[PDB]
Structure formats: structure tokens, C-alpha cells
Amino acid sequence: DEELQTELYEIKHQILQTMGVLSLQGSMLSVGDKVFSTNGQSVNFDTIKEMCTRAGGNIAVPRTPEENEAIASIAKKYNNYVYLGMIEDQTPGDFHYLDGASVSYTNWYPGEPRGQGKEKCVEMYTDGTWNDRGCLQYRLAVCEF
Amino acid sequence: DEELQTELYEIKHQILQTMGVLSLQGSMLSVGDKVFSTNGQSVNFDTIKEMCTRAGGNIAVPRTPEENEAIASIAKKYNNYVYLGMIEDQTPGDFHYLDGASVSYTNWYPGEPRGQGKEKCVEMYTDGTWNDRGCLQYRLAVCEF
Amino acid sequence: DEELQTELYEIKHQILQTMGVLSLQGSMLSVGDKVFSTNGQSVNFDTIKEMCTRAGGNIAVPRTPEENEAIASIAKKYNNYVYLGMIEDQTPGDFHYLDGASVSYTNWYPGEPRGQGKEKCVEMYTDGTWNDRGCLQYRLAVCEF
Ligand SMILES: [Ca+2]
Ligand SMILES: [Ca+2]
Ligand SMILES: [Ca+2]
């Protein structure tokens, strides 16, 4: 009806106001349909995954250059490396998203992936490039929604 | 129409992104259809009620074990007791929600309600159990929306 | 349909919960259909405009007494003056919103606008009244959404 068109407009406006506020305050970065955010904590991979799922999201993983740059800006902001949502396959060198699917977009630092002790996790340097490492380090927790 | 199904999906996604961000940042706890949040202030009952209504919510009151535990986690988090949304009836011993209705779910500390000077308000200990007290103490303000 | 009426209700509830949380935490002030918010930064006019647009909003401009008072409360809160969304016309004395339209609601401090060196920008004193000044000062950035 006509009353429906009105309600949707207000609802859309309100969402746009709340997201604008969170953005202005630096609580989140929006890229396309994805929203990235961090709780400022620096913990290991398992802990990050838990924190994000508990917040109703998932450990962040860039799938485009723009997404990768948004996460990179957060890592730079906190002067810390970020663990990404991906892990090495059974056969070293290959990586897959946490759902199993194989990674498509990649931004490895030159020479990487270079598995010392079978580097299973992936960290993002502050310049945005990736390094495959182990998963017990303390890294900035960044989630995507 | 079909364009309507699309709009609703995006709107639902966005809300889920903003709530995810607030959750990740510890600004609010969601339990079922209820959201709890605190402004970190420790003031008396009247002041808490005003703050919550002014924010478009109400002084929190647990109606299920899960809700009670969520509030308890916030009280523990701030290492302070929380005033709950309920007050003693005209006849001591009985308590009612702020709308008048009688309390159903209760989690009194053993021995409570124990009205010294006609304990009218109800505070939540950090372990989640309740104690009926007076209303002039300074307690953590927790609201529900 | 009937399932639509239900979805809208939940969506409206959720938005009301997120806005309630932001309000309680002092992250934003709602006035009618307008939301004001600040990132706590004190920068010049050009910088403020950029910050707000980047957040999906615009440098704040009061169009009613109530809106003016809400912004005034924020300026008082941070003990700093706020640059408003308006600039002086080609012919001194006249001011227009950033879209070109001429200002309607005004709250000039007695004697203002008083253009010393052709005061082009407008700042809000902590009492809510306005003073036309230059645009290079460092003022609290307040956006509207
Ligand atoms: Ca490596
Ligand atoms: Ca007692
Ligand atoms: Ca002047």
C-alpha cells in the first residue's frame, strides 16, 4: 500500500542514521554490502573466530582489493597485524576460506606463502599484504558482518 | 512485489550489521527480543529510570533465567550492583514491575526479601541473585530495549 | 501479507533498540527525523564537511529552536564552539545553507552577523547563539544524518 512505502522510507532513513553514527565514530567500516569492525583486542586465531561468531559475524576475509584495503587501514590504525578468515589446505601452499571453498583473491607479500613450520594461518601486514604463519600469535581481531 | 522482497533483505542485513558491531564492541547484550545496555553510570533508582526512558528504553528487569544472567554479567563486568525494574507493593514482601503487574520470575538471594527499613527497591548482586533494599544507593544503570 | 506485518514490527523494534543503545551511550542525539553526532574532533570547516560526508551525513545545521538547542548541548558538552552548515553569500550579511538555499532560522548572538574580515563561516557559541567568523579555526565537528 501507500502506508507501506512510507514505513520503508523511515526505516531506511533510520538505518542510514545509525550506520552513519557508527561510521563517524570509527566503530565500523562499510565496503559494499560488508561491514568490518574490531573490538580492539589482540588474541589468537581461535579466540578471534569465537569473538566474531559470538557477535553474529565472522573473522574478516578480504575478497576484493577494496575490502583488503579497508582491513589494512584497520591494521595500520592499531599498528598490529590481523588474522584473516582462511587456513591452509591439507596440501601446503593452498588455502581455503573457513567454509572450505578455495581462496580466490590473494594479496601475498612477495615470496609468500612461505611455510616454515607448515604455516597454517594467514596474517595481514600493516601494508595490507599477506603472510602465512602459525595460529598462536596475538593479532588484532577484525570481524565482518 | 519482488522489489519489496529485496529491500527487506538488505534492511534486515544492515540491522544485523549494526547490532553485530554494537555487540562486538560490548555496547549491548541481546537476549531473545530484548537488548540490555549500560551507560556505565552509577546513580540512584529514580535517576536510572529517567536515563533509560530518555534513551527510549526502561530500567532493566529480568523475566527469565537467561535474561537475569545477562544482566548479572554486566553487573559483574562493572563490579557493581544493579537496580532492577521493580518495587515493593503497599504490603511488604510483595513486588511488582513498574507497570503495576506482580513479579513472576524471581531470583532472591537466600533469605530475601528481607525488609529492614521497608526495603522498597531491588538490587542485583554480582552473582545475579536479588536483594530488596532502599532506593537511594548508587547502582549501575542498566536499561532494556 | 500477514508475514509482512510481522517482519516490519521486528525490524522497527530492532532499529529502536540500536538507536536506544546509541542514545543511552551518548553517541547521538535524536531530534524529530534528524540525528546529530560528533566524533569529538576539533578541526576546520573544510575538514568537518569532509568527515561528515564521509560518514554519510552532513555538517550540522539547526533549522528549528529544538535542533539548535540539541547542537548547543553538544558544544557545551565538549566546551567548544561548533561550525554550522552555512556560509556567507557573495554580498556580506546574507547567509545560505551549503546547497545554496538561503538560511531561514537564525539565532545570531546580539550584534551578529558582524563581519570583521568578511566573516564567511558560522560558529555556534556554547550558549547556542551564532557568530559569523572565518573558516580556519578548529571547531568541534558535529554531523547530522
Ligand atoms: Ca610465511
Ligand atoms: Ca533485603
Ligand atoms: Ca562575527
Side-chain angles (χ1 to χ4, degrees), chain A residues 45 81-84 86-89 92-95 103 106-137 139, chain B residues 45 81-84 86-89 92-95 103 106-137 139, chain C residues 45 81-84 86-89 92-95 103 106-125 127-137 139:
Chain A
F45 183 88
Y81 294 170
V82 184
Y83 269 133
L84 303 180
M86 56 179 60
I87 51 178
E88 178 163 53
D89 296 49
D94 299 309
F95 293 71
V103 177
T106 62
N107 193 45
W108 299 110
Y109 181 71
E112 304 298 328
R114 193 145 54 66
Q116 309 175 305
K118 298 179 182 179
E119 309 295 64
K120 279 181 167 299
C121 279
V122 179
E123 56 171 26
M124 178 186 283
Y125 287 153
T126 50
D127 66 2
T129 63
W130 316 351
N131 168 44
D132 64 327
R133 260 208 101 141
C135 315
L136 303 178
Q137 298 303 290
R139 295 291 182 267
Chain B
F45 183 88
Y81 294 170
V82 184
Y83 269 133
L84 303 180
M86 56 179 60
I87 51 178
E88 178 163 53
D89 296 49
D94 299 309
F95 293 71
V103 177
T106 62
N107 193 45
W108 299 110
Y109 181 71
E112 304 298 328
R114 193 145 54 66
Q116 309 175 305
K118 298 179 182 179
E119 309 295 64
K120 279 181 167 299
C121 279
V122 179
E123 56 171 26
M124 178 186 283
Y125 287 153
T126 50
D127 66 2
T129 63
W130 316 351
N131 168 44
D132 64 327
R133 260 208 101 141
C135 315
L136 303 178
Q137 298 303 290
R139 295 291 182 267
Chain C
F45 183 88
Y81 294 170
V82 184
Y83 269 133
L84 303 180
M86 56 179 60
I87 51 178
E88 178 163 53
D89 296 49
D94 299 309
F95 293 71
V103 177
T106 62
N107 193 45
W108 299 110
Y109 181 71
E112 304 298 328
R114 193 145 54 66
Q116 309 175 305
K118 298 179 182 179
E119 309 295 64
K120 279 181 167 299
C121 279
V122 179
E123 56 171 26
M124 178 186 283
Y125 287 153
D127 66 2
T129 63
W130 316 351
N131 168 44
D132 64 327
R133 259 208 101 141
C135 315
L136 303 178
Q137 298 303 290
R139 295 291 182 267

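The chains referred to below are lettered A, B, ... by the order of the sequence lines, with proteins before strands, and numbering in each begins at 1. For the numbers below, each heavy atom of this structure counts, side chains included, while hydrogens, waters and symmetry mates do not. Indexing begins at 1, ligand by ligand and atom by atom, following the structure's order.
- The CG atom of C/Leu84 lies 11.5 Å from the CG atom of C/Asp132; values are rounded to the nearest 0.5 Å.
- You'll find the ring centres of A/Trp130 and A/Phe95 outside the 6.0 Å limit.
- Other residues, nucleotides and ligands contribute only 12 or fewer heavy atoms inside 6.0 Å of the OH atom of C/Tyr109.
- Counting only residues at least two apart or on different chains, the salt bridge (charged side-chain N to carboxylate O under 4.0 Å, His left out) pairs with a member in residues 113-127 of chain B are B/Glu112-B/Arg114, B/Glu123-B/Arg139.
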Side chain to side chain contact (heavy atoms under 4.5 Å, CB included) assessment of A/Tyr81 paired with A/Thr126: CA-CA 6 Å; A/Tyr81 294 170; A/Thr126 50; 4.1 Å; yes

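- Residues B/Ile87 and B/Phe45 form a side-chain contact, since some pair of their non-hydrogen atoms from C-beta on lies under 4.5 Å apart.
- For the Ca ion (ligand 2), the count of nearby protein N/O/S atoms, taking only those under 3.0 Å, is 5.
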